C-alpha cells in the first residue's frame, strides 16, 4: 500500500564501501560528504529528498559566490542554494548545509526499490565580490562540481564520483515484499 506523502523508512547507501575521497583528493578539492537524510513520496514517480552536505573544514560564507544542485532529474534540473547574481540566499554555511528538492526516481533496483537519479553540486568560491578574500583562502580548488553515484568506480575500490548513490522503496511503500 502507497499513500501520497508517505516517508520512506529505509534509505539505502548503495555503495558504502567505495573510497569517495580519492576523487576529491586527486583534484585538490577539500573533502565533502553527503547523506540523504529524508525521502518521501509525493505522487507518481516524484520523491522529495533532503540532503546534508558537510565539508571537512569550515569555510565562512564570505568566501562563497554561488552554490547550486545541478543535473537533477526532477521537476527542476537546477536547484539554486546561494548566489549573488541569482539573488538567492538559502544556506548560511557552504560546508554544513541541507537542501530539499524533488527527483523523479524510475530505475528500479528490484521489485520494491528504486535508485535515486544522480546529480552534482556546483561550488563557486572566490569569484565575483568574494574574490576579495583570496589572501585567506586555504582549501584548495575554488570552482568544482561534486557528483553522486554508485555507477562509476575503478578496479582498486575508488569511486570516480564524490558521494554515494542511494535507493529506497518505490512509492515509499514501506511494506513492499
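Positions refer to the first chain, counted from 1.
Query raised in the report: What stretch has the higher average Cα B-factor here, 137-145 or 122-130?
Result: Mean CA B-factor is higher for 122-130.
Query raised in the report: So which stretch wins on mean C-alpha B-factor, 22-30 or 61-69?
Result: Result of the comparison: 22-30.
Query raised in the report: Looking at 151, 110, 50, 46, which has the biggest Cα B factor in the entry?
Result: Answer for 151, 110, 50, 46: 110, with the highest C-alpha B-factor.
Requested in this report: Could you tell me which third, lowest, middle or highest, the C-alpha B-factor of residue 103 occupies within its chain?
Outcome: Its C-alpha B-factor, which the entry lists for residue 103, ranks in the lowest third among residues of this chain.
**Report entry** Entry-reported Cα temperature factor of residue 169, expressed as the chain third it lands in
**Finding:** It belongs to the lowest third of the chain when residues are ordered by C-alpha B-factor.
Query raised in the report: Going by the entry, which third of its chain does the Cα temperature factor of residue 161 land in?
Result: Lowest third, going by the recorded CA B-factors of the chain.
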